[PDB]
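File shown: entry39.cif (mmCIF, C-alpha atoms and all ligand atoms).
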data_upload
loop_
_atom_site.label_atom_id
_atom_site.label_comp_id
_atom_site.auth_asym_id
_atom_site.auth_seq_id
_atom_site.Cartn_x
_atom_site.Cartn_y
_atom_site.Cartn_z
CA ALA A 1 -27.44 40.58 -52.47
CA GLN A 2 -24.82 42.69 -50.73
CA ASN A 3 -23.14 45.55 -52.63
CA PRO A 4 -25.35 45.26 -55.73
CA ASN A 5 -23.86 48.40 -57.37
CA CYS A 6 -20.35 46.79 -57.11
CA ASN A 7 -18.79 49.70 -55.29
CA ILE A 8 -15.24 49.52 -53.98
CA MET A 9 -15.49 48.90 -50.23
CA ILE A 10 -13.01 50.12 -47.60
CA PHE A 11 -12.44 48.06 -44.43
CA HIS A 12 -10.99 49.08 -41.06
CA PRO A 13 -10.30 45.79 -39.19
CA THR A 14 -9.47 45.92 -35.52
CA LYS A 15 -6.20 44.31 -34.32
CA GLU A 16 -8.30 41.37 -33.22
CA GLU A 17 -9.93 40.99 -36.62
CA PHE A 18 -6.44 41.28 -38.24
CA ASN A 19 -5.32 37.95 -36.84
CA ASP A 20 -7.01 35.54 -39.12
CA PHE A 21 -6.43 36.47 -42.79
CA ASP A 22 -8.68 33.86 -44.36
CA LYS A 23 -11.52 34.66 -42.03
CA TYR A 24 -11.29 38.41 -42.82
CA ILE A 25 -11.36 37.79 -46.59
CA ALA A 26 -14.45 35.66 -46.12
CA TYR A 27 -16.00 38.45 -44.00
CA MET A 28 -15.33 41.06 -46.69
CA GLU A 29 -16.98 38.81 -49.25
CA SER A 30 -20.00 38.33 -46.88
CA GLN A 31 -20.42 42.10 -47.19
CA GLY A 32 -20.24 41.99 -51.02
CA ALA A 33 -16.72 43.38 -51.40
CA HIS A 34 -15.79 41.05 -54.24
CA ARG A 35 -18.53 42.36 -56.43
CA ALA A 36 -16.34 45.47 -57.07
CA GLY A 37 -13.25 43.43 -58.09
CA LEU A 38 -11.13 45.46 -55.63
CA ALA A 39 -11.26 46.38 -51.89
CA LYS A 40 -9.11 48.57 -49.66
CA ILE A 41 -8.02 47.39 -46.19
CA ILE A 42 -6.65 49.99 -43.76
CA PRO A 43 -4.61 48.06 -41.12
CA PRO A 44 -5.26 48.68 -37.39
CA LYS A 45 -3.33 51.60 -35.99
CA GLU A 46 -1.23 49.26 -33.81
CA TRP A 47 0.14 47.33 -36.81
CA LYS A 48 3.25 47.89 -38.78
CA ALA A 49 4.90 46.03 -41.69
CA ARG A 50 8.40 46.68 -40.38
CA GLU A 51 10.16 49.20 -38.13
CA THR A 52 11.65 51.49 -40.74
CA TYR A 53 12.39 51.77 -44.46
CA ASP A 54 15.79 53.45 -43.82
CA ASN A 55 17.88 50.55 -45.01
CA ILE A 56 16.38 49.50 -48.43
CA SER A 57 18.60 51.43 -50.81
CA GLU A 58 20.86 48.58 -51.63
CA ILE A 59 18.12 46.28 -53.01
CA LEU A 60 18.93 45.72 -56.70
CA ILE A 61 16.56 46.29 -59.53
CA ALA A 62 18.30 43.92 -61.99
CA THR A 63 16.13 44.76 -64.97
CA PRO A 64 14.37 48.13 -64.74
CA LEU A 65 11.73 48.47 -67.44
CA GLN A 66 11.19 51.65 -69.55
CA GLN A 67 7.53 51.76 -70.42
CA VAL A 68 7.19 53.10 -73.96
CA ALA A 69 3.68 53.92 -75.18
CA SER A 70 2.06 53.78 -78.65
CA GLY A 71 -1.39 54.96 -79.62
CA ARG A 72 -3.58 57.82 -78.47
CA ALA A 73 -3.86 59.35 -75.03
CA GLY A 74 -6.86 57.30 -73.98
CA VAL A 75 -6.16 54.09 -75.89
CA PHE A 76 -2.56 52.91 -75.99
CA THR A 77 -0.24 50.02 -75.55
CA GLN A 78 3.08 49.96 -73.77
CA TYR A 79 6.17 47.88 -74.32
CA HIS A 80 8.86 47.31 -71.83
CA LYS A 81 12.40 48.15 -72.81
CA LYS A 82 15.02 46.59 -70.54
CA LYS A 83 17.51 48.97 -68.94
CA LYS A 84 20.74 48.47 -67.06
CA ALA A 85 20.60 47.38 -63.41
CA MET A 86 20.36 49.90 -60.68
CA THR A 87 19.93 49.97 -56.90
CA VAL A 88 16.76 51.23 -55.21
CA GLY A 89 18.80 54.29 -54.03
CA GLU A 90 19.80 54.99 -57.61
CA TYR A 91 16.21 54.46 -58.83
CA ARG A 92 14.80 56.81 -56.15
CA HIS A 93 17.21 59.52 -57.28
CA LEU A 94 16.13 58.97 -60.87
CA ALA A 95 12.42 59.13 -59.95
CA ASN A 96 13.09 62.48 -58.18
CA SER A 97 14.98 63.98 -61.13
CA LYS A 98 13.55 66.81 -63.10
CA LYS A 99 12.95 64.52 -66.11
CA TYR A 100 10.86 61.96 -64.11
CA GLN A 101 9.42 63.68 -61.02
CA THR A 102 5.73 64.24 -60.30
CA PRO A 103 4.61 67.66 -61.61
CA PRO A 104 3.00 70.27 -59.51
CA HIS A 105 -0.64 69.53 -58.97
CA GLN A 106 -3.63 70.54 -56.82
CA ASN A 107 -4.97 67.21 -55.67
CA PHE A 108 -5.27 63.56 -56.80
CA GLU A 109 -7.94 64.45 -59.39
CA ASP A 110 -5.73 67.06 -61.05
CA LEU A 111 -2.87 64.55 -61.12
CA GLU A 112 -5.18 61.94 -62.66
CA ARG A 113 -6.14 64.43 -65.37
CA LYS A 114 -2.49 65.12 -66.08
CA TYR A 115 -1.71 61.38 -66.22
CA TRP A 116 -4.33 60.66 -68.86
CA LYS A 117 -3.50 63.76 -70.86
CA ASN A 118 0.21 63.29 -70.92
CA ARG A 119 1.24 59.71 -70.14
CA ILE A 120 1.91 58.67 -73.72
CA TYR A 121 4.47 61.43 -74.20
CA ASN A 122 6.83 60.05 -71.62
CA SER A 123 8.53 56.74 -70.89
CA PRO A 124 8.81 56.20 -67.09
CA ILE A 125 11.02 53.44 -65.68
CA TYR A 126 9.34 50.74 -63.48
CA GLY A 127 11.24 48.31 -61.15
CA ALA A 128 8.67 45.54 -61.38
CA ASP A 129 8.32 42.01 -60.50
CA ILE A 130 11.35 41.68 -58.12
CA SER A 131 11.14 38.49 -56.00
CA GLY A 132 11.40 39.41 -52.33
CA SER A 133 9.68 40.89 -49.26
CA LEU A 134 9.90 43.96 -47.05
CA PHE A 135 7.77 42.53 -44.23
CA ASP A 136 9.70 41.94 -41.02
CA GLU A 137 9.75 38.29 -40.13
CA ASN A 138 8.29 39.16 -36.80
CA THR A 139 5.16 40.76 -38.34
CA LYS A 140 2.62 38.09 -37.75
CA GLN A 141 -0.53 39.63 -39.23
CA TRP A 142 -1.00 40.15 -42.97
CA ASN A 143 2.58 39.35 -43.72
CA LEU A 144 2.54 38.75 -47.48
CA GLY A 145 5.57 36.40 -47.22
CA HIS A 146 3.70 34.12 -44.70
CA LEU A 147 0.40 33.50 -46.42
CA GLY A 148 -1.10 30.01 -47.00
CA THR A 149 0.07 28.87 -50.45
CA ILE A 150 -2.12 28.43 -53.53
CA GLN A 151 -0.76 24.89 -53.87
CA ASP A 152 -1.89 24.10 -50.34
CA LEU A 153 -5.34 25.61 -51.04
CA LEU A 154 -5.73 23.45 -54.15
CA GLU A 155 -4.68 20.41 -52.14
CA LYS A 156 -7.05 21.19 -49.33
CA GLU A 157 -10.01 21.75 -51.68
CA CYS A 158 -9.39 19.17 -54.35
CA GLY A 159 -7.13 16.56 -52.69
CA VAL A 160 -4.32 16.70 -55.26
CA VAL A 161 -0.76 17.54 -54.24
CA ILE A 162 1.12 19.60 -56.76
CA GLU A 163 4.58 21.08 -57.28
CA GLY A 164 5.15 24.83 -57.19
CA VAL A 165 5.77 27.72 -54.90
CA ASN A 166 4.06 31.09 -54.14
CA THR A 167 6.32 34.06 -53.17
CA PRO A 168 5.85 37.81 -53.12
CA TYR A 169 7.10 40.44 -55.51
CA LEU A 170 8.32 44.00 -55.02
CA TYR A 171 7.47 46.93 -57.30
CA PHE A 172 9.39 50.18 -57.26
CA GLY A 173 7.45 52.92 -59.13
CA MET A 174 7.76 56.48 -60.29
CA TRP A 175 5.42 59.09 -61.69
CA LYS A 176 3.47 57.67 -64.67
CA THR A 177 4.56 54.07 -64.19
CA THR A 178 1.61 52.07 -65.39
CA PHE A 179 -0.03 48.71 -64.87
CA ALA A 180 -2.06 47.64 -67.88
CA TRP A 181 -5.57 46.15 -67.83
CA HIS A 182 -5.44 42.58 -66.59
CA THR A 183 -6.78 39.90 -64.33
CA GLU A 184 -4.40 37.75 -62.31
CA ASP A 185 -2.85 34.55 -63.61
CA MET A 186 -5.52 31.85 -63.46
CA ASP A 187 -7.95 34.62 -62.29
CA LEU A 188 -6.42 34.38 -58.77
CA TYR A 189 -6.82 36.98 -56.04
CA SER A 190 -4.02 39.43 -55.47
CA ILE A 191 -3.06 41.42 -52.39
CA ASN A 192 -0.92 44.53 -52.64
CA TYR A 193 0.64 46.51 -49.81
CA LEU A 194 1.98 50.00 -50.50
CA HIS A 195 5.05 50.06 -48.20
CA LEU A 196 6.19 53.61 -48.79
CA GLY A 197 6.11 56.67 -50.92
CA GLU A 198 3.59 58.23 -53.22
CA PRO A 199 0.12 56.86 -54.00
CA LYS A 200 -1.13 54.37 -56.61
CA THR A 201 -4.43 55.00 -58.44
CA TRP A 202 -6.44 51.93 -59.41
CA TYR A 203 -9.25 51.33 -61.89
CA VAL A 204 -11.33 48.13 -61.72
CA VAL A 205 -14.18 46.43 -63.59
CA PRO A 206 -16.61 44.31 -61.52
CA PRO A 207 -16.04 40.58 -62.21
CA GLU A 208 -19.62 40.17 -63.36
CA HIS A 209 -18.90 42.67 -66.12
CA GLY A 210 -15.43 41.58 -67.19
CA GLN A 211 -16.56 40.33 -70.57
CA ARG A 212 -17.78 43.87 -71.41
CA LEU A 213 -14.24 45.11 -70.96
CA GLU A 214 -12.92 42.24 -73.10
CA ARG A 215 -15.33 43.05 -75.91
CA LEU A 216 -14.31 46.70 -75.88
CA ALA A 217 -10.66 45.72 -75.86
CA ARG A 218 -11.15 43.53 -78.95
CA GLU A 219 -12.71 46.53 -80.72
CA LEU A 220 -9.95 48.96 -79.63
CA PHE A 221 -7.02 46.68 -80.25
CA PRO A 222 -8.22 44.76 -83.32
CA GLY A 223 -4.84 43.41 -84.55
CA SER A 224 -3.97 42.18 -81.03
CA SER A 225 -7.34 40.48 -80.83
CA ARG A 226 -6.73 38.57 -84.08
CA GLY A 227 -3.33 37.51 -82.80
CA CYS A 228 -4.58 36.04 -79.53
CA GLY A 229 -7.91 35.07 -78.01
CA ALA A 230 -6.78 36.34 -74.58
CA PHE A 231 -4.46 39.18 -75.39
CA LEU A 232 -5.15 41.08 -72.17
CA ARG A 233 -2.94 38.36 -70.64
CA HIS A 234 -0.07 40.16 -72.31
CA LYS A 235 -0.51 43.03 -69.91
CA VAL A 236 0.15 45.83 -72.39
CA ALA A 237 -3.18 47.58 -73.11
CA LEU A 238 -4.45 50.76 -71.54
CA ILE A 239 -7.91 52.32 -71.85
CA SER A 240 -8.75 55.57 -70.00
CA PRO A 241 -11.70 56.22 -67.75
CA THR A 242 -13.05 58.67 -70.29
CA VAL A 243 -13.05 55.98 -72.98
CA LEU A 244 -14.58 53.44 -70.66
CA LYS A 245 -17.38 55.95 -69.81
CA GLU A 246 -17.95 56.72 -73.51
CA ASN A 247 -18.41 53.02 -74.15
CA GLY A 248 -20.65 52.31 -71.16
CA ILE A 249 -18.20 49.99 -69.36
CA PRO A 250 -18.92 49.70 -65.63
CA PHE A 251 -15.83 50.54 -63.55
CA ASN A 252 -14.67 52.20 -60.35
CA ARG A 253 -11.53 54.01 -59.23
CA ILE A 254 -9.70 54.52 -55.95
CA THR A 255 -6.34 55.80 -54.78
CA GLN A 256 -4.20 53.66 -52.43
CA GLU A 257 -1.80 55.45 -50.08
CA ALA A 258 1.24 54.23 -48.23
CA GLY A 259 0.32 51.91 -45.40
CA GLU A 260 -2.79 50.53 -47.09
CA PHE A 261 -3.63 47.10 -48.59
CA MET A 262 -5.62 46.46 -51.73
CA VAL A 263 -7.18 43.08 -52.59
CA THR A 264 -8.16 42.19 -56.12
CA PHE A 265 -10.76 39.48 -56.50
CA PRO A 266 -11.00 36.67 -59.08
CA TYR A 267 -11.65 37.97 -62.57
CA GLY A 268 -11.54 41.64 -61.43
CA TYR A 269 -9.86 43.48 -64.29
CA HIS A 270 -7.64 46.28 -62.99
CA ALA A 271 -5.19 48.91 -64.25
CA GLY A 272 -3.55 51.97 -62.75
CA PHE A 273 -0.60 54.24 -62.26
CA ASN A 274 1.85 55.51 -59.64
CA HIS A 275 1.93 59.14 -58.50
CA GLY A 276 5.64 59.29 -57.75
CA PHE A 277 8.43 57.23 -56.17
CA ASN A 278 6.93 54.29 -54.28
CA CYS A 279 7.42 50.70 -53.28
CA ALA A 280 4.65 48.06 -53.23
CA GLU A 281 4.66 44.34 -52.43
CA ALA A 282 2.11 41.96 -53.93
CA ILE A 283 1.33 38.28 -54.13
CA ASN A 284 -1.38 36.03 -55.52
CA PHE A 285 -3.56 33.93 -53.24
CA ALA A 286 -6.55 31.65 -53.41
CA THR A 287 -9.66 30.79 -51.38
CA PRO A 288 -12.26 28.05 -51.92
CA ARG A 289 -14.32 30.46 -53.96
CA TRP A 290 -11.47 30.90 -56.47
CA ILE A 291 -11.48 27.27 -57.67
CA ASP A 292 -14.37 27.78 -60.03
CA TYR A 293 -12.72 30.87 -61.51
CA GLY A 294 -9.48 29.02 -61.98
CA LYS A 295 -11.29 26.32 -63.97
CA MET A 296 -12.80 28.91 -66.33
CA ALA A 297 -9.84 31.28 -66.68
CA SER A 298 -8.81 32.24 -70.19
CA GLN A 299 -5.55 31.54 -71.37
CA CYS A 300 -2.96 33.00 -73.81
CA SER A 301 -1.47 30.17 -75.92
CA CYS A 302 0.15 32.59 -78.61
CA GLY A 303 3.24 32.56 -76.63
CA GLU A 304 3.38 36.14 -75.55
CA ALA A 305 2.14 35.87 -71.93
CA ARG A 306 4.90 33.53 -70.67
CA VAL A 307 4.42 32.98 -66.92
CA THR A 308 5.77 31.19 -63.82
CA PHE A 309 6.62 27.60 -63.26
CA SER A 310 3.75 27.22 -60.75
CA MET A 311 1.03 28.07 -63.24
CA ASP A 312 1.76 24.75 -65.03
CA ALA A 313 0.16 22.65 -62.38
CA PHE A 314 -2.85 24.93 -62.10
CA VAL A 315 -3.58 24.50 -65.80
CA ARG A 316 -2.81 20.80 -65.75
CA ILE A 317 -5.20 20.02 -62.89
CA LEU A 318 -7.95 22.61 -63.39
CA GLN A 319 -7.91 22.84 -67.20
CA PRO A 320 -6.68 19.46 -68.55
CA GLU A 321 -8.29 19.98 -71.99
CA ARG A 322 -6.36 23.26 -72.47
CA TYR A 323 -3.13 21.88 -71.07
CA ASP A 324 -1.41 20.65 -74.26
CA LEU A 325 -2.12 23.88 -76.23
CA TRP A 326 -1.24 26.28 -73.35
CA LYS A 327 2.03 24.40 -72.72
CA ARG A 328 2.95 24.70 -76.45
CA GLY A 329 2.60 28.49 -75.84
CA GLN A 330 4.93 28.23 -72.83
CA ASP A 331 7.60 26.27 -74.87
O1 LIG B 401 1.26 47.56 -58.43
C1 LIG B 401 1.36 47.18 -59.66
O2 LIG B 401 2.16 47.64 -60.57
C2 LIG B 401 0.53 46.11 -60.23
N1 LIG B 401 -0.11 45.31 -59.15
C3 LIG B 401 -1.13 44.50 -59.38
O3 LIG B 401 -1.64 44.31 -60.56
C4 LIG B 401 -1.68 43.68 -58.25
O4 LIG B 401 -1.30 43.85 -57.07
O5 LIG B 401 -2.50 42.81 -58.63
MG MG B 402 19.37 47.74 -48.82
NI NI B 403 -2.76 42.63 -60.72
ZN ZN B 404 -1.34 35.69 -76.37
#
What is this structure when it is put down as structure tokens?
Amino acid sequence: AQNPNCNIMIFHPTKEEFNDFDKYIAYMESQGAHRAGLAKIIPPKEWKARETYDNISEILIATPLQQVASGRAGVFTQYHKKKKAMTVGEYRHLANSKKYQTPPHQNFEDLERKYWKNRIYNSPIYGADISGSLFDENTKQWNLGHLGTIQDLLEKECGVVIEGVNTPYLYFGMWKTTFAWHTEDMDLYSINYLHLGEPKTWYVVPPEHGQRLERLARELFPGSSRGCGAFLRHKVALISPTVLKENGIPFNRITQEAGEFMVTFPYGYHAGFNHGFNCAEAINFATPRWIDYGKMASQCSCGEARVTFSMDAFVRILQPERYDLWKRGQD
């Protein structure tokens, strides 16, 4: 078995190997990359996502989210308070202000220490989940707006044509902006490209050990657990590496820098934080290997998780027993 310790693997494809996306994902899996839940892909030196980032300031962040924490430094939840619209140029200036900017630090480890010590005492503002793309239309390789769709994968594998679409999303971050512990909708893959700015630190639990994280989460968030049998779908709970280590949960960490891709694999729980002003683009995708994970994915039916139009068909076809109850949650 390849990668039996479930380490995060880092790949350096050549420009030739960067042509065929599906083939390269299958290659990484042949080497055991999925066992980690997360892999890094450094693009060939010849590749670029677009020519420059000099003209992005007028993108609108219609609903910036203030991430307010509750709990203790290592075990907390966050809620998202909606703020007034602002442009990316306005948001960059805010991220660089004295109130929100990255503090002085020695290295990524010192910054990580500061994040876990101090996150709860601040409420950073995240421009998340913005439909759109920063890839130039002429970028042919690993263009996250030109991937094969999940609906087409399901049709190819299973023969059933379904409604729905699959487009990318932009994320504008600042120091301390946080992504809570989660797997993807329907335990899909994700791919995330850090277009510009400061790094993003990731934490990940191997898919084979995801239920250990779930059991810890039920213990740490006991009211949320009684409220919903899949409350990590709400995407609000944070647990620090120190707490994970104290409770014996297998996990790994890595820092993504600008110009790098990350892939999350089906049922790979992940969480993390941004180091400073940045912009990422991410989208879900599927492969043949996903179908079995899609069939077994948990679902939130309490009503909190509320997701896209396109998830309907995935539930309806892959999980017809759950359909009814999950749709009640969605309406
Ligand atoms: O970058 C973020 O805030 C969160 N991204 C992801 O969870 C992802 O790409 O799967
Ligand atoms: Mg612009
Ligand atoms: Ni994710
Ligand atoms: Zn729920």
Subject >> Who sits within 12 Å of residue 34 (chain A), only C-alpha atoms, same chain under 2 positions skipped, as a ChimeraX atom specification >> reply: /A:1-10,25-32,36-40,189-190,204-208,262-269,289-290
Take the residues just selected and output them with C-alpha atoms as an mmCIF file, in the frame of the given file.
data_model
loop_
_atom_site.group_PDB
_atom_site.id
_atom_site.type_symbol
_atom_site.label_atom_id
_atom_site.label_comp_id
_atom_site.auth_asym_id
_atom_site.auth_seq_id
_atom_site.Cartn_x
_atom_site.Cartn_y
_atom_site.Cartn_z
ATOM 1 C CA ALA A 1 -27.440 40.580 -52.470
ATOM 2 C CA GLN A 2 -24.820 42.690 -50.730
ATOM 3 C CA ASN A 3 -23.140 45.550 -52.630
ATOM 4 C CA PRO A 4 -25.350 45.260 -55.730
ATOM 5 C CA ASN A 5 -23.860 48.400 -57.370
ATOM 6 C CA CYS A 6 -20.350 46.790 -57.110
ATOM 7 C CA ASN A 7 -18.790 49.700 -55.290
ATOM 8 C CA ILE A 8 -15.240 49.520 -53.980
ATOM 9 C CA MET A 9 -15.490 48.900 -50.230
ATOM 10 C CA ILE A 10 -13.010 50.120 -47.600
ATOM 11 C CA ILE A 25 -11.360 37.790 -46.590
ATOM 12 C CA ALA A 26 -14.450 35.660 -46.120
ATOM 13 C CA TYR A 27 -16.000 38.450 -44.000
ATOM 14 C CA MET A 28 -15.330 41.060 -46.690
ATOM 15 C CA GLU A 29 -16.980 38.810 -49.250
ATOM 16 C CA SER A 30 -20.000 38.330 -46.880
ATOM 17 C CA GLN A 31 -20.420 42.100 -47.190
ATOM 18 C CA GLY A 32 -20.240 41.990 -51.020
ATOM 19 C CA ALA A 36 -16.340 45.470 -57.070
ATOM 20 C CA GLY A 37 -13.250 43.430 -58.090
ATOM 21 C CA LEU A 38 -11.130 45.460 -55.630
ATOM 22 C CA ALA A 39 -11.260 46.380 -51.890
ATOM 23 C CA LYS A 40 -9.110 48.570 -49.660
ATOM 24 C CA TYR A 189 -6.820 36.980 -56.040
ATOM 25 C CA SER A 190 -4.020 39.430 -55.470
ATOM 26 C CA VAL A 204 -11.330 48.130 -61.720
ATOM 27 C CA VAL A 205 -14.180 46.430 -63.590
ATOM 28 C CA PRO A 206 -16.610 44.310 -61.520
ATOM 29 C CA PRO A 207 -16.040 40.580 -62.210
ATOM 30 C CA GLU A 208 -19.620 40.170 -63.360
ATOM 31 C CA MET A 262 -5.620 46.460 -51.730
ATOM 32 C CA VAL A 263 -7.180 43.080 -52.590
ATOM 33 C CA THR A 264 -8.160 42.190 -56.120
ATOM 34 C CA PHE A 265 -10.760 39.480 -56.500
ATOM 35 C CA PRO A 266 -11.000 36.670 -59.080
ATOM 36 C CA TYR A 267 -11.650 37.970 -62.570
ATOM 37 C CA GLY A 268 -11.540 41.640 -61.430
ATOM 38 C CA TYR A 269 -9.860 43.480 -64.290
ATOM 39 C CA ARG A 289 -14.320 30.460 -53.960
ATOM 40 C CA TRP A 290 -11.470 30.900 -56.470
#
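CA of residue 300 (chain A) to CA of residue 330 (chain A) spans 9.3 Å [interatomic distance, one decimal].
Considering all atoms listed in the file, every residue of the polymer chains approaching ligand LIG 401 (chain B) to 7 Å or closer is listed here: residues 128, 171, 178, 179, 184, 190, 191, 192, 264, 270, 271, 280, 282 and 283 of chain A.
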**OP:** Set the cut-off to 7 Å, count all atoms listed in the file, and list whatever residues fall near ligand ZN 404 (chain B) as a PyMOL selection string.
**Re:** chain A and resi 227-231+233-234+300-305
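Counting only C-alpha atoms and comparing A:69, A:33, A:59, A:180, the residue that lies closest to residue 133 (chain A) is A:59.
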Original post:
Quick one: residues within 6 Å of ligand MG 402 (chain B), with all atoms listed in the file, as a ChimeraX atom specification?
Top reply: /A:55-59
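CA of residue 149 (chain A) lies 22.1 Å from CA of residue 50 (chain A).
CA of residue 254 (chain A) is found 15.1 Å from CA of residue 181 (chain A).
Residues in contact with residue 175 (chain A) at up to 8 Å, not including ones fewer than 5 positions away on its chain and judged by all atoms listed in the file, are residues 95, 100, 101, 102, 124, 273, 274, 275, 276 and 277 of chain A.
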Residues from the last selection, C-alpha atoms, saved as a PDB file, in the coordinates of the input:
ATOM      1  CA  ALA A  95      12.420  59.130 -59.950  1.00  0.00           C
ATOM      2  CA  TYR A 100      10.860  61.960 -64.110  1.00  0.00           C
ATOM      3  CA  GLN A 101       9.420  63.680 -61.020  1.00  0.00           C
ATOM      4  CA  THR A 102       5.730  64.240 -60.300  1.00  0.00           C
ATOM      5  CA  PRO A 124       8.810  56.200 -67.090  1.00  0.00           C
ATOM      6  CA  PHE A 273      -0.600  54.240 -62.260  1.00  0.00           C
ATOM      7  CA  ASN A 274       1.850  55.510 -59.640  1.00  0.00           C
ATOM      8  CA  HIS A 275       1.930  59.140 -58.500  1.00  0.00           C
ATOM      9  CA  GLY A 276       5.640  59.290 -57.750  1.00  0.00           C
ATOM     10  CA  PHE A 277       8.430  57.230 -56.170  1.00  0.00           C
TER      11      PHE A 277
END
**OP:** Using all atoms listed in the file, determine which residues lie at most 12 Å from residue 16 (chain A), disregarding the query and same-chain residues fewer than 2 positions distant; provide the list as a VMD selection string.
**Re:** chain A and resid 12 to 14 18 to 21 23 to 24 43 to 47 141
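Comparing A:162, A:279, A:147, A:154 by their smallest distance to residue 195 (chain A), the closest is A:279 (using only C-alpha atoms).
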Original post:
Taking only C-alpha atoms and all ligand atoms into account, which of A:182, A:15, A:119, A:84 comes nearest ligand NI 403 (chain B)?
Top reply: A:182
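Candidate residues A:111, A:220, A:60, A:130 were compared for distance to residue 77 (chain A), and the nearest is A:220, using all atoms listed in the file.
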Original post:
Of the candidates A:210, A:232, A:176, A:166, which one gets nearest to residue 114 (chain A) if we count all atoms listed in the file?
Top reply: A:176
If I only have part of region 128-146 of chain A, can you fill in N, CA and C atoms and write it as a PDB file, keeping the file's coordinate frame?
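Output file rebuild_1.pdb is given in full below:
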ATOM      1  N   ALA A 128       9.730  46.579 -61.554  1.00  0.00           N
ATOM      2  CA  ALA A 128       8.670  45.540 -61.380  1.00  0.00           C
ATOM      3  C   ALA A 128       9.063  44.181 -61.237  1.00  0.00           C
ATOM      4  N   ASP A 129       8.281  43.384 -60.548  1.00  0.00           N
ATOM      5  CA  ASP A 129       8.320  42.010 -60.500  1.00  0.00           C
ATOM      6  C   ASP A 129       9.657  41.436 -59.916  1.00  0.00           C
ATOM      7  N   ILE A 130      10.068  41.970 -58.777  1.00  0.00           N
ATOM      8  CA  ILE A 130      11.350  41.680 -58.120  1.00  0.00           C
ATOM      9  C   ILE A 130      11.038  40.684 -57.035  1.00  0.00           C
ATOM     10  N   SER A 131      11.455  39.412 -57.059  1.00  0.00           N
ATOM     11  CA  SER A 131      11.140  38.490 -56.000  1.00  0.00           C
ATOM     12  C   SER A 131      11.753  38.979 -54.696  1.00  0.00           C
ATOM     13  N   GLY A 132      10.947  39.059 -53.628  1.00  0.00           N
ATOM     14  CA  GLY A 132      11.400  39.410 -52.330  1.00  0.00           C
ATOM     15  C   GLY A 132      10.304  40.028 -51.460  1.00  0.00           C
ATOM     16  N   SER A 133      10.692  40.366 -50.249  1.00  0.00           N
ATOM     17  CA  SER A 133       9.680  40.890 -49.260  1.00  0.00           C
ATOM     18  C   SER A 133      10.297  41.961 -48.418  1.00  0.00           C
ATOM     19  N   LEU A 134       9.514  42.947 -48.057  1.00  0.00           N
ATOM     20  CA  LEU A 134       9.900  43.960 -47.050  1.00  0.00           C
ATOM     21  C   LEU A 134       9.191  43.807 -45.765  1.00  0.00           C
ATOM     22  N   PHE A 135       8.392  42.771 -45.552  1.00  0.00           N
ATOM     23  CA  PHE A 135       7.770  42.530 -44.230  1.00  0.00           C
ATOM     24  C   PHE A 135       8.806  41.984 -43.270  1.00  0.00           C
ATOM     25  N   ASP A 136       8.816  42.521 -42.059  1.00  0.00           N
ATOM     26  CA  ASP A 136       9.700  41.940 -41.020  1.00  0.00           C
ATOM     27  C   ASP A 136       9.202  40.570 -40.728  1.00  0.00           C
ATOM     28  N   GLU A 137      10.169  39.626 -40.491  1.00  0.00           N
ATOM     29  CA  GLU A 137       9.750  38.290 -40.130  1.00  0.00           C
ATOM     30  C   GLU A 137       8.954  38.171 -38.889  1.00  0.00           C
ATOM     31  N   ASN A 138       9.077  39.149 -38.003  1.00  0.00           N
ATOM     32  CA  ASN A 138       8.290  39.160 -36.800  1.00  0.00           C
ATOM     33  C   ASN A 138       6.873  39.746 -36.923  1.00  0.00           C
ATOM     34  N   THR A 139       6.539  40.309 -38.096  1.00  0.00           N
ATOM     35  CA  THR A 139       5.160  40.760 -38.340  1.00  0.00           C
ATOM     36  C   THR A 139       4.300  39.525 -38.599  1.00  0.00           C
ATOM     37  N   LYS A 140       3.377  39.283 -37.659  1.00  0.00           N
ATOM     38  CA  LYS A 140       2.620  38.090 -37.750  1.00  0.00           C
ATOM     39  C   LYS A 140       1.329  38.170 -38.541  1.00  0.00           C
ATOM     40  N   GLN A 141       0.793  39.384 -38.623  1.00  0.00           N
ATOM     41  CA  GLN A 141      -0.530  39.630 -39.230  1.00  0.00           C
ATOM     42  C   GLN A 141      -0.317  40.234 -40.637  1.00  0.00           C
ATOM     43  N   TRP A 142      -0.980  39.633 -41.592  1.00  0.00           N
ATOM     44  CA  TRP A 142      -1.000  40.150 -42.970  1.00  0.00           C
ATOM     45  C   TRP A 142       0.370  40.352 -43.544  1.00  0.00           C
ATOM     46  N   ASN A 143       1.253  39.403 -43.240  1.00  0.00           N
ATOM     47  CA  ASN A 143       2.580  39.350 -43.720  1.00  0.00           C
ATOM     48  C   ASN A 143       2.549  38.625 -45.050  1.00  0.00           C
ATOM     49  N   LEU A 144       2.757  39.332 -46.144  1.00  0.00           N
ATOM     50  CA  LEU A 144       2.540  38.750 -47.480  1.00  0.00           C
ATOM     51  C   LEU A 144       3.592  37.693 -47.824  1.00  0.00           C
ATOM     52  N   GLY A 145       4.639  37.560 -47.027  1.00  0.00           N
ATOM     53  CA  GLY A 145       5.570  36.400 -47.220  1.00  0.00           C
ATOM     54  C   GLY A 145       5.156  35.193 -46.410  1.00  0.00           C
ATOM     55  N   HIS A 146       4.118  35.217 -45.594  1.00  0.00           N
ATOM     56  CA  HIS A 146       3.700  34.120 -44.700  1.00  0.00           C
ATOM     57  C   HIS A 146       2.339  33.687 -44.969  1.00  0.00           C
TER      58      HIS A 146
END
